[PDB]
């Protein structure tokens, strides 16, 4: 039922959650039975617009892991949210088929890690670890492990625990894409005088998804396909694979009329007559998501009008397509 009618929504799924808070340009639209609400997609289109929040195990590369998932699902394309080194575990967002169009955004997004640093000697003042960790927050100099000096930001960090006898510290860090925890560990060791390196590492957030957001294992993926192959029950696959729309939940939204969806896909511009509803606080050139009345992500777009203009303008371009996500002919051509 979770489709905006042509006439409390906090329990509405994904991109339609709290849609009643969107401002209304037009109260009516002629509905077209093309496409599907993300959760109600037929199995094949559900998987092809699907994302896996994978707990990568320690030892295989991210590329190896993504190849294994492709073989299991027998899908056309896979891609991921940023290379975890072979020994690093945790959040690796695996994009299937059409969801692969969102890979670039996922890779450039911020990340969170839980890391264990191994210090090369005991500290005299145990509190020096926390102090040096705090010293190493902010825009930092790092040379990547042909390699140029660059600046990457650690937004925040926190020392969780430190065993000065075992010479092991565990800390959390929120950082910019491309920040190396390996190098941070070395640097902590230098600032502390005793020396240090990274003992082990886990990625606990990759952009839009954390390890708390329905993270699943490779065994889960294998088992889900097994259950479908053997019993034809779709529920396990549907439980482990999330709609790509899940990755877009932070975006300010504009809802496009059914009759305008195809045109957006081809012409890369949304015009006023195609506008149904729009989020508050949209400013000129804000990155936004264009969605159908069924909550399908059409495209990530650049706002060409502020929220206030969207109210007062009778004509013109409301947004310009940055990356089209929806298949071009999912919705029917007007001509």
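Numbering follows the first chain given and starts at 1.
Unmodelled residues of the deposited sequence between residue 7 and residue 8: 4 to 9. The gap between residue 145 and residue 146 holds 4 to 9 unmodelled residues of the deposited sequence. Averaged over Cα atoms, the B-factor as recorded in the entry is higher for 93-101 than for the other of 209-217 and 93-101.
Remark: stretch with higher mean C-alpha B factor among 147-155 and 124-132 is 147-155. Out of 176, 161, 200, 76, the entry records its largest CA B-factor for 76. The residue among 183, 235, 246, 107 whose C-alpha carries the highest B-factor in the deposited model is 107. Among the modelled residues of its chain, residue 319 has a C-alpha B-factor that falls in the middle third according to the deposited record.
For residue 112, the recorded CA temperature factor ranks within the lowest third of the chain's modelled residues.
The deposited CA B-factor of residue 295 belongs to the lowest third of values across its chain. When all modelled residues of the chain are sorted by CA temperature factor, residue 257 is found within the middle third. Per-chain ranking of the deposited C-alpha B factor places residue 326 in the middle third.
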